[PDB]
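**Student:** What follows is a structure written as structure tokens; I'll ask about it next.
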Ligand code: CLA
Ligand code: CLA
Ligand code: CLA
Ligand code: CLA
Ligand code: CLA
Ligand code: CLA
Ligand SMILES: CC1=C(/C=C/C(C)=C/C=C/C(C)=C/C=C/C=C(C)/C=C/C=C(C)/C=C/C2=C(C)CCCC2(C)C)C(C)(C)CCC1
Ligand code: SF4
């Protein structure tokens, strides 16, 4: 019970290619530009 | 310390002319901290040939 | 001000874009954070080490999983001579149908990459036969990676943070790491070899289902407890053994044969079992040396205080070195990097020549890729060893604790050291370049019989001492009437002699005047890189141009245009200048390795022996000749499977060239350009409604050197990787 | 801010003061040298770290030293 | 000598307007205002680029950074034998006089100045960087 | 003439004359003894 | 159309003699690419003698130029208001140099 | 012989390379006249080629599989098989002339440091003193080992040293 299905690159490659870089760069940008109290 | 015109040897370790020989111009007799004026026949990287030294930084050699 | 970076409020109060880069760059330099003590230093380093372990095991589990799902391992093991090892499948929606057809090679459904990492050979030799086995290994190593990441998080917790005494305990750590981490691990790998990897090569499956009901030897443990240990060397594998099957097999589990298995052209599993068993016993015995809480044992400070020679020829000797190795992490890191870099060179040099894995050295692209991969890794690690040694001199070195010892006397004769390194570098450079230019003038003027061809008689003497009957010296292993020959002749020499007298492998290749000239160029590169690195380490405290260099630290830009100007005066900048000589030197050793092996693999070693003696022969017959199918990877007639390596070849040339921009052009030009850009943005209507939060400035001097060296190095690596993989795979 | 220090080898030649493009240094009364003058750096918050003072100092070694430190908007020489 | 005050209603030099003047730093953070009194009408060189005519009497320019006011001060002091003073102005309206902060120019000794940042030792008499490890920050051995 | 000999005693002129002599000497030796590799 | 322009020959020492290649015309040398042969044919030169006389003429003119340098620096050196006559300089250079140059060349 | 190398006068690729160079030179020769200067220069080239191959076969050089002369750099093996003329006699000849140059330069430096203008005698070369030392430099190995044995070859530790040492 190990083999991931036949549709798996079509989701996982654009996920870590586009969605997680967008979320990660937005999150790191908001963390960089945050003011200290 | 040494008289005018005599040769000394520099023992200030961060001097350019450390462990080398210069010539005494004058020794100031006030309470100045570095009175011994020594001239050197070669220039440092700044192009200076003259420096003040202390009494325990020069040895008449 | 701003929050990032949390470790430095001096950087957090920076109103510019320099803050982001310097927060990225000073993140893992824990000795220079705000409020850092020594216990906190060692604890965060311990957690980071756990993080490194978790990343390595996740990397290995990912390699296993992508092979097990998208490769052809179970099909490769049936005929590993004619089938190419698949790395992972390609999903690129930017492709076209010719590219999908081209990277769909076989036997695969869609587009794949063909692996050049040797993992199929390594996994097949250690006993993998199916994909499920690789799935179980991937799940196991992912669970191990999760355990190490959790253990880093756990040993950060305040009920689990170790004290400074636990980190500064050297005898316990050497006893546990020699006896357990080296010895018991090597013993357990011997257990894996004997129990699994040898019967899998005999054609018998020994998995977890039956490893308790299958005998490793037909008389188990009775020779081992009787002392009749030679009963495990009886009946070895025959010289007509088909690997992985039962035809031509034996019963032995621990032989000592020398040379190679005849089919796979690789080391014997029984010899590797015996080898790991012997070094396991030696490391377990050596792991009982130092004094832990049991009365017996050696005291390292006592050993160091004792080894001071008479007559004062080393002064105080090794007095006070224990408190300077123990208290400094940069000394320990430089020692570790020097050892691991030399061992990585050892791995590459011994794995091309003595290939361990089944059907390695018939996969020529795997041979070239693994050699070049560990040689460049070794070069970077050696440069880091000298870098952290210079950091040791600047930060950790106390002169009063070392008044008179070996470390102070090196600083005393640093000028003699740098002078004689300068001499050997100038000598090797003048005469190596002069001999190559001389032979080029001879080859240009039509007279090859005038060119200076010095024969490498010293290394040929050494090969004759090793047992090679080509050069006719005939002594010590090449003469049949020798004591060493006659004593080793009964047991391990008959395989070693056949393997060293075979001229169809990399075991002690035939050498000539080209090999002379290149080994001299290699010595030039080594001595020169050592000159820059030793000069940067020993002039790190200060020089006559700057006596107070220790007061600015390790990586400062300069000391201004005064005193004639002081550019690249820092020890970091000496490292920076020496990375170029590292890349040059490894480029020389891998050009040499690759061209001598391409001429071995094609069949005409006469081509290397003739054209290697002149640099036009180099440029014509290696670089121009072997890049004919590379640059035809795509063209206006179509494309094929080498188009990714043609694109990556041009990609590396581009990154190299972009690095030259940061290397040559410096800061104030770009700062003036950015100030005009700031004017233009603040005056442009309907775009000055958008304003930066961080003030844009040009990159600093040190950052510029780092970015230029980074682009330079990445382009260097990608260009030679694309050329080497594409030439070897396209022509074999 | 950049760390600017004055050392007792100063001979009060005023060269560093007339070399600084930012008015950071000044001369104070002193008794350690024949000139009865010593340099001093009371306004290092405006110092950019150009090291013209160090270029102008005649003594060997330097009597004025500039240790580049944490950057601000004044020390980076920004007009924006 | 007393600390003078900034007169914002001081006439400026005759100048057609450069692209190298003030920016949003003058509106958000600070800008500096330089003031001198001339003896005659005479052309000088603007530090931001270009030429300008100073008036006969009180003059007034405003710059972004401090080195621009020092460059114009050095020009007006070595070329025209004038005595300018330049101030620091905030968008609040806070006005900070400086240069000459003592009233006497810093290139000559004045009794009353307190010596700051003076190590009373040589540079070779500093400690090693091992002696200043693990403080609250990065430190140089010349800081102590 | 004394000043002209001092100018001929200056460093680049003597380097030119001496390298001309040394190069011509090697050229003459390679002409009359063509292609020497040993001895 | 079948002889390659060559005007440099090397001496037979240390094997560099091979550089004298088969350029045609019963000659051996380095093929030149400056275009002097085409310039000389366009100017109507037909013999080596005319080229030799042009060489002597150019050497004589070089001696005249170095004498002119020495003369106008050490013996009779022009004044600043001579150098500042730019209107006259333009008149003389546009007439005499370009104008009489191209007139005499057209001649 | 040494290292499996045949002698060049016994080697066959050496004769093949000689014949090949003669073939190229005569293919270039066969497109001229007889008394023409290109034909004379090419016949001088062929004469020098034959003389060079005969001299290298006469000197006892060792050829490989490519027919090219190989040099032996080992003092004992060279002196045993008659090959001192290719590395060993050239290295002592070089060390003689290189120490000549270095010793004449050192004597000129010591001679010009003892004046009131050493840099002036370094920019404008004292030609009689330089020729005097250049002729007297022939006894440089004897003079060098004597200055070694007196303790005057070497400066003491009055040298310039850095802050570290
Ligand atoms: C860590 C090593 C590693 C590497 C370099 C790769 C590389 C790849 N994977 Mg694989 N993957 C791995 C481990 C790895 N994998 C493991 C162990 C599993 C089993 C859980 C998978 C399950 C998997 C599937 C189902 C698929 C891929 C696919 C791919 C390809 C496309 C990238 C992608 O979207 O994957 C996504 C990556 C994952 C799903 C696993 C990552 C999970 C770990 C815990 C994240 C680690 C993050 C890392 C430490 C830091 C990165 C973030 C940081 C830089 C900010 C690429 C070749 C796709 C493919 O095959 O294309 C043809 C695809 O469909 N991977
Ligand atoms: C720093 C970057 C770097 C990278 C990316 C690589 C990459 C590679 N190395 Mg190289 N290597 C490197 C540096 C690197 N190396 C250095 C610095 C050294 C010197 C130390 C080596 C020495 C080396 C050797 C000797 C070999 C490689 C091999 C390889 C290849 C196989 C992948 C692998 O290592 O599996 C991942 C490995 C592991 C996850 C660990 C393996 C198991 C360890 C050794 C012991 C486990 C003990 C066990 C846990 C104890 C249980 C005890 C019991 C009682 C419970 C891969 C190309 C192999 C190869 O070339 O194959 C074709 C190979 O044989 N490397
Ligand atoms: C055992 C391994 C090891 C460990 C634990 C350390 C630890 C340390 N090193 Mg050392 N070092 C090592 C090995 C190691 N190093 C090696 C192998 C080298 C040679 C490269 C060095 C050379 C070196 C230098 C010159 C310096 C350090 C420094 C440091 C300290 C701070 C690191 C930091 O903050 O940088 C953060 C890391 C970065 C900002 C990395 C930037 C990325 C680099 C430039 C590579 C970019 C290539 C890119 C990834 C390729 C992308 C390709 C693309 C197509 C995908 C830390 C003590 C610094 C120090 O001590 O300061 C006083 C320092 O100056 N190290
Ligand atoms: C082909 C490019 C090239 C060459 C030939 C060199 C050569 C050298 N480098 Mg350099 N270097 C280079 C690129 C190169 N480098 C690059 C890209 C970098 C990165 C910035 C460096 C950074 C670097 C550092 C940090 C160091 C060196 C050092 C050296 C010297 C080491 C000792 C030696 O072997 O000298 C042998 C001598 C030569 C190779 C020069 C040839 C001499 C010529 C042929 C003689 C004259 C011929 C002819 C008469 C010329 C007539 C022309 C006329 C107009 C005058 C050597 C001169 C080291 C050094 O200087 O030690 C003393 C050193 O520490 N290099
Ligand atoms: C418009 C100017 C002009 C042009 C186009 C020519 C063209 C030619 N000249 Mg002539 N020549 C000229 C004026 C010009 N001449 C003048 C003023 C003199 C006296 C110095 C000469 C003296 C001269 C000699 C001795 C010879 C030639 C020869 C030639 C032919 C050879 C190629 C060449 O010279 O490149 C073409 C040149 C140019 C394109 C640049 C000329 C620009 C001039 C110097 C300034 C003109 C500026 C003008 C007001 C605006 C033009 C702007 C721009 C488009 C050029 C070619 C037909 C050779 C010949 O006769 O072969 C058959 C030859 O032996 N010329
Ligand atoms: C630069 C290092 C070096 C190296 C690697 C060699 C290598 C060699 N030498 Mg040579 N030699 C050298 C420098 C070197 N030599 C120097 C500088 C001298 C002058 C002092 C000699 C004088 C010399 C003589 C007289 C002989 C050799 C011989 C040899 C060969 C065998 C000896 C051996 O293996 O010892 C390893 C080499 C060293 C440790 C370097 C020191 C060399 C010492 C000073 C002399 C060694 C001679 C040896 C004792 C004789 C052995 C006889 C042999 C038949 C067993 C071997 C190829 C012998 C030979 O001809 O073999 C066929 C021989 O008879 N050498
Ligand atoms: C800077 C610095 C540093 C670093 C250093 C380094 C980096 C080093 C390296 C080093 C190295 C890297 C070294 C090496 C070495 C090696 C060796 C030492 C080897 C040896 C060998 C041997 C001895 C062998 C022998 C043999 C043979 C040859 C053959 C036969 C076998 C036998 C075994 C016998 C430190 C940290 C300390 C700190 C201080 C500073
Ligand atoms: S560095 Fe620039 S600013 Fe700081 S003191 Fe020296 S001159 Fe004045």
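Cβ atoms come from the backbone with ideal geometry, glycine included; neighbour counts cover every protein chain shown. Values quoted throughout were computed directly from the atomic coordinates according to the rules given, and no laboratory measurement underlies them.
**Student:** Measuring from the lowest to the highest alpha carbon on each principal axis, how far does segment C:176-322 reach, largest first, in angstroms?
**Tutor:** Taking the Cα atoms of segment C:176-322, the three principal extents are 67, 33, 27 Å.
**Student:** Taking the Cβ of each residue in C:650, C:333, C:630 as the centre, tally the other Cβ atoms inside 10 Å and list the residues starting with the fewest.
**Tutor:** Fewest to most other Cβ atoms nearby, the residues stand as C:650, C:333, C:630.
**Student:** Once you have a ≥ b ≥ c as the square roots of the Cα gyration tensor eigenvalues for chain C, tell me rounded if a/c is under 1.5, and otherwise prolate or oblate according to whether a/b is larger than b/c.
**Tutor:** It is rounded, given that a/c, with a ≥ b ≥ c, falls under 1.5.
**Student:** Determine by what factor the alpha-carbon radius of gyration of chain D differs from 2.2 N^0.38 Å, reporting the quotient.
**Tutor:** Normalised Cα radius of gyration, chain D: 1.08.
**Student:** While we're looking at this one, here's another question. Work out the P(r) tail for segment C:644-732: percent of alpha carbon pairs separated by more than 15 Å, whole number.
**Tutor:** Across segment C:644-732, Cα pairs with separations above 15 Å total 68 percent.
**Student:** Report the FRET efficiency, 1/(1 + (r/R0)^6), for residue C:481 and residue C:458, where r is their Cβ-Cβ distance and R0 is 30 Å, rounded to 0.05.
**Tutor:** Once the sixth-power term is evaluated, E becomes 0.80.
**Student:** Here is a further query. Treating only the Cα positions of segment C:418-550 as identical point scatterers, give the base-10 log of I(q)/I(0) from the Debye formula at each q in 0.12, 0.19 Å⁻¹.
**Tutor:** -0.72, -1.03
**Student:** To the nearest 10 degrees, how steep is helix H:88-113 against the longest Cα principal axis of chain H, on a 0 to 90 scale?
**Tutor:** Tilt of helix H:88-113: around 30 degrees.
**Student:** Given the C-alpha centroids of segment C:551-566 and segment E:99-144, what is the distance between them in whole angstrom?
**Tutor:** About 19 Å separates the Cα centre of segment C:551-566 from the one of segment E:99-144.
**Student:** Here's another thing I want to ask about it. What angle do you read, to the nearest 10 degrees and between 0 and 90, between the alpha-carbon axis of helix H:127-136 and the longest principal axis of chain H?
**Tutor:** That works out to roughly 70 degrees.
**Student:** Relative to 2.2 N^0.38 Å, what does the C-alpha radius of gyration of segment C:299-432 come to as a ratio? Two decimals please.
**Tutor:** Numbers: Rg = 19.8 Å, N = 134, 2.2 N^0.38 = 14.1 Å.
That works out to 1.40 for segment C:299-432.
**Student:** Another question, if that's okay. Assign one of three labels to segment C:39-103, namely rounded, prolate or oblate, based on the Cα gyration tensor with a ≥ b ≥ c the square roots of its eigenvalues; rounded applies when a/c is under 1.5, prolate when it is not and a/b is larger than b/c, and oblate otherwise.
**Tutor:** oblate
**Student:** Just need log10 I(q)/I(0) for chain B at q = 0.14, 0.19, 0.29 Å⁻¹, Debye formula, equal scatterers on the alpha-carbon atoms, no solvent, rounded to two decimals.
**Tutor:** The computed values of log10 I(q)/I(0) come out as -0.32, -0.60, -1.34.
**Student:** In what order do E:25, C:693 fall by count of nearby beta-carbon atoms within 10 Å, going from fewest to most? Let's see the in-between values first.
**Tutor:** Working: E:25 18, C:693 11.
By the 10 Å Cβ count, ascending, the order reads C:693, E:25.
**Student:** Further, regarding this structure: What order do you get for F:1-7, C:284-290 when each peptide is scored by the mean count of other beta carbon atoms within 10 Å, highest first?
**Tutor:** C:284-290, F:1-7
**Student:** Which shape class, rounded, prolate or oblate, goes with chain G when its Cα gyration tensor gives a ≥ b ≥ c as root eigenvalues, a/c under 1.5 marks rounded, and past that a/b bigger than b/c marks prolate?
**Tutor:** Verdict is prolate for chain G.
**Student:** Could you work out, residue by residue across D:49-60, how many beta carbons of other chains sit within 10 Å of that residue's beta carbon, and then give the average as an integer? Spell out each step's value before the answer.
**Tutor:** Numbers: counts 2, 3, 7, 3, 2, 6, 7, 2, 4, 7, 8, 19.
If you average over the peptide's residues, the count of other-chain Cβ atoms is 6.
**Student:** Normalised by the empirical 2.2 N^0.38 Å for globular proteins, what value does the Cα Rg of segment H:36-83 take?
**Tutor:** Rounded to two decimals, the normalised Rg is 1.63.
**Student:** For segment C:77-135 and segment C:263-336, what is the separation of their Cα centres, given in Å?
**Tutor:** Taking the Cα centre of segment C:263-336 as reference, the centre of segment C:77-135 is 43 Å away.
**Student:** Ok, one more. Residue G:48 to residue G:71: FRET efficiency via 1/(1 + (r/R0)^6), r the Cβ-Cβ distance, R0 35 Å, to the nearest 0.05?
**Tutor:** 0.55
**Student:** Here's something else I'd like to know. Please compute one quarter of the surface area of the Cα convex hull for chain H and express it in square nanometres.
**Tutor:** 19.1
**Student:** Let me ask something additional. With the crude spin-label approximation of a point 7 Å out along Cα→Cβ, what separation in nm comes out for residue C:282 versus residue E:77?
**Tutor:** It is 7.6 nm.
**Student:** Would you mind getting the Kirkwood hydrodynamic radius of the protein assembly as shown from its Cα pairs, rounded to one decimal in Å?
**Tutor:** 39.5
**Student:** Return one number: the angle in degrees, 0 to 90 and rounded to the nearest 10, between the long axis of the Cα atoms of helix G:48-70 and the longest principal axis of the Cα atoms of chain G.
**Tutor:** Roughly 40 degrees between the two axes.
**Student:** Other chains' Cβ within 10 Å of D:36-46 residues: what's the mean?
**Tutor:** Working: counts 3, 2, 5, 4, 7, 4, 7, 7, 2, 0, 7.
For peptide D:36-46, the averaged partner shielding equals 4.
**Student:** Using the basic label-point model (7 angstrom from Cα toward the beta carbon), what is the residue C:415 to residue C:153 distance in nanometres?
**Tutor:** Once both label points are built, they end up 5.9 nm from each other.
**Student:** Within 10 Å of each Cβ in C:549-561, how many Cβ atoms from other chains are there, averaged over the peptide?
**Tutor:** Partner-chain Cβ atoms within 10 Å, mean over residues of C:549-561: 5.
**Student:** Put one equal scatterer on each alpha carbon of chain E, apply the Debye formula with no solvent term, and list log10 I(q)/I(0) at q = 0.11, 0.13, 0.14, 0.22 1/Å to two decimals.
**Tutor:** -0.58, -0.72, -0.78, -1.39
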